[PDB]
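J.: Starting off with a structure, shown below.
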Amino acid sequence: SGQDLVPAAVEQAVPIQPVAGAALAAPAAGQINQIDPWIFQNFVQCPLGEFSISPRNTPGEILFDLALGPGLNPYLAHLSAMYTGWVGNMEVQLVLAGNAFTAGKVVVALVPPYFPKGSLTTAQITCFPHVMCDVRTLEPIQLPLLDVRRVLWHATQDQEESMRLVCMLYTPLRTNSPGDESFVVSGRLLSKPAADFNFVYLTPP
Amino acid sequence: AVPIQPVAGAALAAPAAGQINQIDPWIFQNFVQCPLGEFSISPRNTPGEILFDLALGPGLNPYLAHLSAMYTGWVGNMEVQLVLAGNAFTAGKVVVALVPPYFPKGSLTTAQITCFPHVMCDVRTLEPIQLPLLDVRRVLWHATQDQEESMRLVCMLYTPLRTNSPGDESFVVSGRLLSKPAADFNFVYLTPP
Amino acid sequence: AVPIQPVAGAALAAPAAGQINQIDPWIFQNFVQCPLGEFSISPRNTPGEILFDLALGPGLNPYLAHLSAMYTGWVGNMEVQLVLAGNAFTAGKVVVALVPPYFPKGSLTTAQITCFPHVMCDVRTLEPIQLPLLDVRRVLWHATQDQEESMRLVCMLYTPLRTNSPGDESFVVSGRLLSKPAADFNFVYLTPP
Amino acid sequence: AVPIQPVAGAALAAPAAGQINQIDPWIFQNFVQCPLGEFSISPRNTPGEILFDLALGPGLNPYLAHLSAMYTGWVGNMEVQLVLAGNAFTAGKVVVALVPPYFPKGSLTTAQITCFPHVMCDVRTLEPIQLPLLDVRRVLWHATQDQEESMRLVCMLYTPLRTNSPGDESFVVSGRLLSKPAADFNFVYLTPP
Amino acid sequence: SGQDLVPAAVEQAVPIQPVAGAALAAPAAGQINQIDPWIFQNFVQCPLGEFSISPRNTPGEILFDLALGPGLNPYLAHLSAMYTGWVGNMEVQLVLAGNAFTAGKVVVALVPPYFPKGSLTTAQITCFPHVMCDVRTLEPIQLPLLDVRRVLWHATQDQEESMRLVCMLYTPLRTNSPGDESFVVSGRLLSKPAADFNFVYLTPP
Numbered sequence: 017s018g019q020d021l022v023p024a025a026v027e028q029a030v031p032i033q034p035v036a037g038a039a040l041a042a043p044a045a046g047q048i049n050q051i052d053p054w055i056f057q058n059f060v061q062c063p064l065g066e067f068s069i070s071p072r073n074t075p076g077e078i079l080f081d082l083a084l085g086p087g088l089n090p091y092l093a094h095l096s097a098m099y100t101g102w103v104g105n106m107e108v109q110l111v112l113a114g115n116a117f118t119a120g121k122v123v124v125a126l127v128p129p130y131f132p133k134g135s136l137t138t139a140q141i142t143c144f145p146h147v148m149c150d151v152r153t154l155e156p157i158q159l160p161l162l163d164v165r166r167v168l169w170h171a172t173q174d175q176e177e178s179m180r181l182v183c184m185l186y187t188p189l190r191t192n193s194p195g196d197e198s199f200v201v202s203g204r205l206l207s208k209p210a211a212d213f214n215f216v217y218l219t220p221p
Numbered sequence: 029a030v031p032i033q034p035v036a037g038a039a040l041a042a043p044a045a046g047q048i049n050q051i052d053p054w055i056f057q058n059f060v061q062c063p064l065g066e067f068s069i070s071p072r073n074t075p076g077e078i079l080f081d082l083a084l085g086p087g088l089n090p091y092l093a094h095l096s097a098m099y100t101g102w103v104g105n106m107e108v109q110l111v112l113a114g115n116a117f118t119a120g121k122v123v124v125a126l127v128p129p130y131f132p133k134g135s136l137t138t139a140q141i142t143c144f145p146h147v148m149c150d151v152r153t154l155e156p157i158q159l160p161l162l163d164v165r166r167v168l169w170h171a172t173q174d175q176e177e178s179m180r181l182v183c184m185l186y187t188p189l190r191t192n193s194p195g196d197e198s199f200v201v202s203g204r205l206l207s208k209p210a211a212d213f214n215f216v217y218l219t220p221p
Numbered sequence: 029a030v031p032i033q034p035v036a037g038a039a040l041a042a043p044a045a046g047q048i049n050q051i052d053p054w055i056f057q058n059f060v061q062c063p064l065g066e067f068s069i070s071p072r073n074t075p076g077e078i079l080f081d082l083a084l085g086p087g088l089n090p091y092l093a094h095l096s097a098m099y100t101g102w103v104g105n106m107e108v109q110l111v112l113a114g115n116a117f118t119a120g121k122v123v124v125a126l127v128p129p130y131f132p133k134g135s136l137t138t139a140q141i142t143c144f145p146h147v148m149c150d151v152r153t154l155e156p157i158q159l160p161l162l163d164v165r166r167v168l169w170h171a172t173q174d175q176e177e178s179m180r181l182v183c184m185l186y187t188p189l190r191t192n193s194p195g196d197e198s199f200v201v202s203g204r205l206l207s208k209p210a211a212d213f214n215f216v217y218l219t220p221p
Numbered sequence: 029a030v031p032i033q034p035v036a037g038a039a040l041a042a043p044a045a046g047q048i049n050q051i052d053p054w055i056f057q058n059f060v061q062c063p064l065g066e067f068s069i070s071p072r073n074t075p076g077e078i079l080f081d082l083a084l085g086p087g088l089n090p091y092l093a094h095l096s097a098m099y100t101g102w103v104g105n106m107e108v109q110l111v112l113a114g115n116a117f118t119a120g121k122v123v124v125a126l127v128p129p130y131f132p133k134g135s136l137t138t139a140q141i142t143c144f145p146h147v148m149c150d151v152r153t154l155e156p157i158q159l160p161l162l163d164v165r166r167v168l169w170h171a172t173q174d175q176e177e178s179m180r181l182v183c184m185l186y187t188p189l190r191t192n193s194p195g196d197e198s199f200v201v202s203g204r205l206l207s208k209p210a211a212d213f214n215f216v217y218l219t220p221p
Numbered sequence: 017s018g019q020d021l022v023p024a025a026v027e028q029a030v031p032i033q034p035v036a037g038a039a040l041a042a043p044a045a046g047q048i049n050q051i052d053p054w055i056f057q058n059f060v061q062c063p064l065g066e067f068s069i070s071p072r073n074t075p076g077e078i079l080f081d082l083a084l085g086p087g088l089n090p091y092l093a094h095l096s097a098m099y100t101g102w103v104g105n106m107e108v109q110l111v112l113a114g115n116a117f118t119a120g121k122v123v124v125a126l127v128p129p130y131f132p133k134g135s136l137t138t139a140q141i142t143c144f145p146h147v148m149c150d151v152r153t154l155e156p157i158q159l160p161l162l163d164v165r166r167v168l169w170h171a172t173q174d175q176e177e178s179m180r181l182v183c184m185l186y187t188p189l190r191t192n193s194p195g196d197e198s199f200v201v202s203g204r205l206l207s208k209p210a211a212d213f214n215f216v217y218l219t220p221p
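Residue numbers (PDB author numbering), protein chains in the order written: chain B, 17 to 221; chain C, 29 to 221; chain C', 29 to 221; chain C'', 29 to 221; chain B', 17 to 221. A prime marks a further copy of an entry chain.
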């Protein structure tokens, strides 16, 4: 177990203040709905939480872009068939455990609602609350994805403007290996609801 | 004394916004002129003329409109004042109303403009008339890159102008509208322009 | 520990400016990327390559460049950090120098770049390298609508890269430069854009 | 820290069993190798390979399997540890899951193996990984001469191996699984073999 | 940032006792001359402070040999045009930051005045106050170069016998890399005046 990596993926400060979850949507919903408490314990992989970084990728290549919601959890995506509504923050891990020979850096940003989708150049991704992380960090980089909004809750009809989470490839991936091989790093993505996630109204699945 | 409650500014958006950004404190110290916030009454105008009508937002200010390019949202009240240039021998009255952020559009007669929370100011008043522009809304905060319906300020000719004129000109009375952000104007989220 | 005294920010402009305007406090909390503040070293580069050179001002920031459209002047220090992407088997050193706001232009050899107040950082260092960008000047404050000479940050290849590469690519080491305003960055005078 | 409650061992069988028989105390002091508890990863393996899958019982131990010939039943947890032989330059991750004693059979993708109470261990970890094998059940005690469904330990390739190899061999990483009875393993009833 | 190098380049004891600098030359000079105090702060590169070690070098190859004086500083070499005289010690750094695969050792000696110049075999370089340092040491090895003399000061006419600083290649440079490449280490040399450096008499440049 060599420690020539960068395990310096400790909790960094992201310039964002805490956000209310289910406390505001309680007096406008119609009933008391809580979800299973063992769901909040373990990090599980997103339904779209696998990607890879090849050395044939140029800086600016969006590794993943995903909106906050129940589509980031296999347990929440199954429960979101019975409800019409959700509020709360979620917590995401980032498993970039590349080989001891690679080199490179990705930057995970926190894009607000109502930002125009699409290009999102690499010069304008550091303008958001971001986390700049290497591709060798052993421990899974935890980071919060918050529910910034201007309504009381979101319907489970994906057309709502929700906060995104963009992962640009800030610098190109290179390998320093003595011969013939350039390792491809396979990144995974785990998530779990924060303490204030909750669904709103019971409807037939 | 207009019959309206105070409306919460950043106290309602704060639990949901991710940032709440302050404005330069030297901006609240100046009155700037609103676009399309100018008019003039000639003694040919019959009572009922809508002299102006303009909506609440960051587009009422040269500085706020420029700053709204970095931020995602905004909440807050504004503070408008009205100047009129008329001497001591004029006679005529103007009603300024605060139209809620719905009640879409139509012909408003004088019998109807006095049914809003309003201020009925004469035309020979010396000091600029101050009044608030309140942020009534149904959402937590507004979005800067989306013009949605907000409270409007409306001006009506209530009592027609009665003055003299030598032979020229018709002696119009000019009116201008200035504004500045109230104490609890805030933006929301730093984004790239 | 670079050998330079602290330089006064708004404490020198204040008696002469008419306003001293503050910036959003959420702006000092983020590092944004400077234009042209990126480079890469290939093992083909011989020591002496100027990797970048960029001047102090409000044009080092997407937000500051946008805000400088309302204001007349600016004073203050900046705070830059340097990120490098290299593993534990690389070898090579880079010197970052602080060039005074004169000393115009020419070829700078390595024997000369170490004669400035500088930081000599290796290439396998993990944490981003922090350093200040000081506002040395001869006037009380600078003007936003006039680019005059300010202190520059210069990057030089001091010791050449010594690494491996399988057959492709040449394993360049990438470098990026981020910045944010220091504690005493200020604008001066509210003007219309 | 796996998200499971502790499960009662002999405290649940005791009111109904006729005897509760202890095991040699020198048996809990040793880790013995489970049959079929061995595997190897080659860089040709794509993520999703079930490296092993084995059930809880007295058949995980050379001594327990021999002692179960005298006794009628058994209850208790086990204690397994996992050894992996890989150096400091490897890269790849393995998830070990605790499958409940139903949920019969099928193809388990990686998106599904992380939904169990699990441990996600890297491949360059030095010390043997310890974890429990809990006795979840619906009956008071199990019968030694009847193989019924118990909790299973499952191993999956989560992130594929990324290493080097000179020309031979393919540098597989070997993995072995050892086990020993926990504190509350018990048999039930002395019968003739 | 791997730490399989030898950062063991901490301050070693060299068998030499402290030496007077400008305190003896003060009552025989003619005036009060002090040099700028910011010069004493930063280490800058010598006018002859670059060399390289190739694996095609045999033990005994003199990497550099330089005498103590104002020729070890770009700031002092410029000031030494106005003065006729100098006394004091100086401090030298040694930037040998080779790759994690090399191997070898150099030995920096402190040769006194009046030693016959030239050959200086490798068997007779450990006979002096020496520092034996590896070629992987990260932190720049600091070491003093003192003003041992038998006069009160030295003229800035280089014919004076001053104390030298020899760098032999004690062991040959090798590389342990898996294939085809032998890295060449590029050594640098920085220096700065000690607390007792001073010039003597003002003359036209």
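We put the CB at the ideal spot given by N, CA and C, even for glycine.
Going along the chain, which residues of the region 179–196 of chain C' sit with their C-beta nearer than 7 Å to a C-beta in chain B?
T.: Going along the region 179–196 of chain C' in chain order, one finds 191, 192, 194 and 195 with a Cβ nearer than 7 Å to chain B.
J.: Could one say the Cβ of residue 212(C'') lies closer than 9 Å to chain B's Cβ atoms, at least one of them?
T.: The sequence position of residue 212(C'') within the fourth sequence is 184, counting from 1. No - not a single Cβ of chain B is within 9 Å of the one on residue 212(C'').
J.: Between 115(B), 128(B), 211(B) and 103(B), which has its C-alpha nearest residue 115(C'')'s C-alpha?
T.: What you label residue 115(C'') is simply residue 87 of the fourth sequence in a count that begins at 1. Checked all of 115(B), 128(B), 211(B) and 103(B); the closest Cα to residue 115(C'') is 115(B).
J.: With residue 162(C') and residue 105(C') assumed to form a contact (beta carbons below 8 Å), what rounded beta-carbon distance in angstroms separates them?
T.: Position 134 of the third sequence, counting from 1, holds the residue named residue 162(C'). Position 77 of the third sequence, counting from 1, holds the residue named residue 105(C'). Contact flag correct, Cβ pair sits at about 5 Å.
J.: Mind listing the chain C neighbours of residue 47(C')? Cutoff is C-beta to C-beta under 7 Å, in chain order.
T.: Your numbering for residue 47(C') matches position 19 in the third sequence. Those are 54, listed as they occur along chain C.
J.: What's the gap between the Cα of residue 158(C') and the Cα of residue 206(C')?
T.: Here residue 158(C') refers to the residue found at position 130 when the third sequence is read from its first residue. Here residue 206(C') refers to the residue found at position 178 when the third sequence is read from its first residue. Each residue's Cα considered, the two are about 10 Å apart.
J.: Helix, strand or coil: which one does DSSP assign to residue 209(B)?
T.: Your numbering for residue 209(B) matches position 193 in the first sequence. Strand, per DSSP.
J.: Could you give the uninterrupted runs of the beta strand (DSSP E) lying entirely in the region 18–56 of chain B', keeping only those of 3 residues or more?
T.: Complete beta strand (DSSP E) runs here, min 3: none at all.
J.: I want to verify the contact list: residues of chain B' whose CB lies under 8 Å from the CB of residue 145(C'), in sequence order.
T.: By 1-based counting over the third sequence, the position of residue 145(C') is 117. What residue 145(C') touches in chain B': 58.
J.: Which of the three DSSP states is assigned to residue 175(C') in this structure?
T.: In the third sequence, residue 175(C') corresponds to position 147, counting from 1. It is coil, neither helix nor strand.
J.: Going by alpha carbons, who is nearest to residue 103(C) out of 216(C), 220(C) and 124(C)?
T.: Taking the first residue of the second sequence as 1, we reach residue 103(C) at position 75. When each option's Cα is compared against that of residue 103(C), the closest is 216(C).
J.: For residue 151(C'), return the contacting residues in chain B, with the cut-off set at a CB-CB distance below 9 Å.
T.: Position 123 of the third sequence holds residue 151(C'). Here the premise fails: no neighbours, minimum Cβ distance about 10 Å.
J.: Could you work out which residue in 142(B'), 133(B') and 160(B') is closest to residue 85(B') when comparing CA atoms only?
T.: Mapped onto the fifth sequence, residue 85(B') falls at position 69. Of the listed residues, the one whose Cα sits closest to residue 85(B') is 160(B').
J.: Between residue 125(B') and the rest of its own chain, which residues show a CB-CB distance below 6 Å, the 5 nearest in sequence each way excluded?
T.: Residue 125(B') sits at position 109 when you count from the first residue of the fifth sequence. The answer, listed in chain order, is 141, 144, 146 and 182.
J.: By how many angstroms is the C-alpha of residue 61(C'') removed from the C-alpha of residue 107(C'')?
T.: The residue you call residue 107(C'') lines up with position 79 of the fourth sequence. The residue you call residue 61(C'') lines up with position 33 of the fourth sequence. Looking at the two C-alpha atoms, the distance is approximately 12 Å.
J.: With residue 36(B') and residue 169(B') assumed to form a contact (beta carbons below 8 Å), what rounded beta-carbon distance in angstroms separates them?
T.: For this step, residue 36(B') is matched to residue 20 along the fifth sequence. For this step, residue 169(B') is matched to residue 153 along the fifth sequence. So it is not a contact: roughly 11 Å between Cβ atoms.
J.: Determine the DSSP secondary structure at residue 158(C), reduced to helix, strand or coil.
T.: For the purposes of this step, residue 158(C) is identified with residue 130 of the second sequence, where counting begins at 1. Correct three-state label for residue 158(C): strand.
J.: So residue 130(B) is in the alpha helix (DSSP H); what residue range does that whole segment cover?
T.: Along the first sequence, read from residue 1 onward, the residue named residue 130(B) stands at position 114. Premise fails: residue 130(B) is in no alpha helix (DSSP H) and is neither H nor E.
J.: Excluding the 5 residues flanking residue 151(C') on each side, which residues of the same chain have their C-beta closer than 8 Å to its C-beta?
T.: On the third sequence, position 123 is the one that residue 151(C') refers to. 69, 112, 114, 118, 119, 120, 121, 122, 189 and 201.
J.: Could you tell me the boundaries of the alpha helix (DSSP H) in which residue 219(C) lies?
T.: Here residue 219(C) refers to the residue found at position 191 when the second sequence is read from its first residue. It is not in any alpha helix (DSSP H) - residue 219(C) carries neither H nor E in the DSSP assignment.
J.: How would you write the range of the alpha helix (DSSP H) that residue 109(B') sits in, first residue to last?
T.: Taking the fifth sequence and counting its residues from 1, the one referred to as residue 109(B') is at position 93. Premise fails: residue 109(B') lies in the beta strand (DSSP E), 106–111, not in any alpha helix (DSSP H).
J.: What is the DSSP secondary structure of residue 76(B), reduced to helix, strand or coil?
T.: As a working mapping, residue 76(B) is identified with position 60 in the first sequence. Of the three classes helix, strand and coil, the one that applies to residue 76(B) here is coil, per DSSP.
J.: Is it true that the CB of residue 204(B) sits closer than 9 Å to the CB of residue 27(B)?
T.: Within the first sequence, residue 27(B) is the residue found at index 11, counting from 1. Within the first sequence, residue 204(B) is the residue found at index 188, counting from 1. Result no, Cβ atoms of residue 27(B) and residue 204(B) do not sit closer than 9 Å.
J.: With a threshold of 9 Å between beta carbons, is residue 198(B') in contact with chain B?
T.: On the fifth sequence, residue 198(B') is found 182 positions in, with the first residue counted as 1. Output row for residue 198(B'): interface = no.
J.: Residue 203(C'') by DSSP, collapsed to three states: which one?
T.: Stepping through the fourth sequence from its first residue, residue 203(C'') is reached at position 175. Three-state DSSP puts residue 203(C'') in a strand.
J.: If I'm right that residue 31(C'') touches residue 58(B) with Cβ under 8 Å, what's the distance once you round it to whole angstroms?
T.: Along the fourth sequence, one-based indexing puts residue 31(C'') at 3. Along the first sequence, one-based indexing puts residue 58(B) at 42. Their Cβ separation, rounded to whole angstroms, is 5 Å, which keeps residue 31(C'') and residue 58(B) in contact under 8 Å.
J.: Using a Cβ-Cβ cut-off of less than 9 Å, list which residues of the region 65–78 of chain B approach chain C''; keep chain order.
T.: Result list: 65 and 66.
J.: Please classify residue 119(C'): does DSSP put it in a helix, a strand, or coil?
T.: Reading the third sequence from its first residue, position 91 is the one you call residue 119(C'). DSSP places residue 119(C') in coil when its eight states are reduced to three.
J.: Taking all protein chains shown into account, do 16 or more other C-beta atoms lie within 10 angstroms of the C-beta of residue 49(C'), making it buried, or fewer, making it exposed?
T.: Translated into the one-based positions of the third sequence, residue 49(C') becomes position 21. Flag for residue 49(C') reads buried.
J.: With DSSP collapsed to three states, give me the class of residue 223(B).
T.: With chain B covering only 17 through 221, there is no way to say anything about residue 223(B).
J.: In this structure, how does DSSP classify residue 125(B') when only helix, strand and coil are distinguished?
T.: The residue given as residue 125(B') occupies position 109 in the fifth sequence. Looking at residue 125(B') - three-state DSSP - the assignment turns out to be strand.
J.: Among 173(C), 156(C) and 127(C), which one has its Cα closest to the Cα of residue 97(C)?
T.: Counting from one through the second sequence, the residue named residue 97(C) turns up at place 69. Of the listed residues, the one whose Cα sits closest to residue 97(C) is 173(C).
J.: I need the boundaries of the beta strand (DSSP E) containing residue 69(C''), first residue and last residue.
T.: As a first step, residue 69(C'') is located in the fourth sequence; it is residue number 41 there, counting from the start. Counting along the chain, the beta strand (DSSP E) containing residue 69(C'') begins and ends at 60–69.
J.: Quick one: using the 10 Å Cβ neighbour count with 16 as the cut-off for buried, is residue 54(C') buried or exposed?
T.: If you number the third sequence from 1, residue 54(C') lands on position 26. Buried.
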